[PDB]
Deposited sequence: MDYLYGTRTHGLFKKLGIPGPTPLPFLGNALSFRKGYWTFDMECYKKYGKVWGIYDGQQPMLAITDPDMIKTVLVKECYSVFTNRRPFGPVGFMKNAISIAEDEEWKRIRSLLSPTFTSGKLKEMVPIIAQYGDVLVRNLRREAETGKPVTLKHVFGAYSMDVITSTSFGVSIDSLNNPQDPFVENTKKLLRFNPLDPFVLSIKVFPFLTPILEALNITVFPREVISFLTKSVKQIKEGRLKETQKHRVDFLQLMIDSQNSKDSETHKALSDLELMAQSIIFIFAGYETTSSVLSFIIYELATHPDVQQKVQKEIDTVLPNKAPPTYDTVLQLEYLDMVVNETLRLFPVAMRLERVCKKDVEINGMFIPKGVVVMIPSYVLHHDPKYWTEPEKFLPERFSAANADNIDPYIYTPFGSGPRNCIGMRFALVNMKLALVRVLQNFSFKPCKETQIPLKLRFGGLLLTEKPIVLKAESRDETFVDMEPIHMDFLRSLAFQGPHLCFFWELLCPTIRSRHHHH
């Protein structure tokens, strides 16, 4: 059985590495998606095929073909991401929903994510930057090297859990909060636990598992979180994501109470580790590039002198900080790849793609490709200067994806990271210490991970 699809790419003449029975090419992933994808690009060229168990995946690098997949043919042919598999009510989560159901949910949610509602949301979220400074100061004053994940992760989880669930939380300075302990538990679910990695090898189990109400999600942890958010909703009727969705419940039928909870949960899964990782990578680049850090601090000092609290409108003016964030995301696109399932046979941009193949856009490869970037391993924020905008193809540079199924939280994530970076750089200056892994090494994971934690030394300003 373990070989039935393994002839597909050879029959179509798409190059690729030879798959093993049952495993496909999965063992080759374990050195990291980013290195495996690049190796395939270097040796097979513009297009290649691989197998993740029995699932074939076609890699594409042509920006015209990528626009066709991500944009033009999104609703018709390439509408859904790969299942993973047995879920329950989390079928309603915007990132898991498919076809017409996804379209309704993305539509219901678009009001919640406008820049206008974001601007209204900032004053409640600037508060969490104060906790970050408190947490960082407590770690950095002892003279010790700081583990960036500890404080930036706490900031990421505090901000996204608070606005998604409607509950101010402080994970470090109040770890006994049930919400902290439970949300922490929730976040233990990784798409790389041995349950998911077995479903990929025999995906025919999902129908049986769903017939038995088995889910890959922590059923108990979600049961408590739902039963707790129920009480908040009933008390609140006597500007976070929870309120915005509540307000939208009165073309598409409004969100059900169950559909809303699925959104709140998926926001945390989507926002926690991405934002945490990217914040750490940004500070790492700043530490290893003093004069870039110096120029960020000068600019912050210009718009927000004397540790003035950041606002939407002021953060919106940190154009250089924007370039620094954009250049960090080129080097470390934490999702690595984009994926779409082909719903039917098509020929696009000179290539036939059979039904059921997963199209894969290797963002990391395109971000690091010398064809599109000079010295692509160099951290040069100037690539994202206003004047170099014509030379950046939005199908080559895709840290938040593209098209109708892109990151719906991109604008919130950028502002949120700038709010935190401002606070922290208003008060501190980062520098490599003894334990800092330089150059940084990456490690296998669902997202871009570091081999060893990023440790720097943080010095107070004045």
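- Judged by missing C-alpha atoms, the gaps in the deposited chain sequence fall at residues 1-4, 243-248, 261-265, 478-519, listed in sequence order.
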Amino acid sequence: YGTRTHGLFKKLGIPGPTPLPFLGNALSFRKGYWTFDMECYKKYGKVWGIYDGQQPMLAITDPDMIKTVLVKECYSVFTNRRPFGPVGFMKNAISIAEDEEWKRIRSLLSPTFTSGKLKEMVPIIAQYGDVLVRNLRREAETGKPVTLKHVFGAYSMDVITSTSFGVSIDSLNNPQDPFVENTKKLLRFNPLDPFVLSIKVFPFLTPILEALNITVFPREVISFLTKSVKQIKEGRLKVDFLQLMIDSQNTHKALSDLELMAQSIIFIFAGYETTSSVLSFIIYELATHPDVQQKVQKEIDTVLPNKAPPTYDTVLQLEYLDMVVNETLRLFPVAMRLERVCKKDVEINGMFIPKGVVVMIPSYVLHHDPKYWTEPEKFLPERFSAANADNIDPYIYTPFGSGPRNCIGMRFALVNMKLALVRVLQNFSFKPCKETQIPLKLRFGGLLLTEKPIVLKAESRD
From here on, numbers count along this sequence of modelled residues.
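- According to the PDB record, 210-218 carries the higher mean C-alpha B-factor of the two stretches 210-218 and 327-335.
- For the pair 223-231 and 92-100, the mean Cα B-factor is higher in 223-231.
- Of the residues listed, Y128, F195, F281, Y272, the entry assigns the biggest Cα temperature factor to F195.
- Ranking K238, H368, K343, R81 by Cα temperature factor from the entry places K238 first.
- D62 sits in the lowest third of its chain by CA B factor, as recorded in the PDB entry.
- The PDB entry assigns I50 a C-alpha temperature factor belonging to the lowest third of its chain's modelled residues.
- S276: CA B factor in the lowest third of modelled residues in this chain (values from the PDB entry).
- Looking at the C-alpha B-factors along this chain, the one for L447 belongs to the lowest third.
- Per-chain ranking of the deposited C-alpha B factor places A262 in the middle third.
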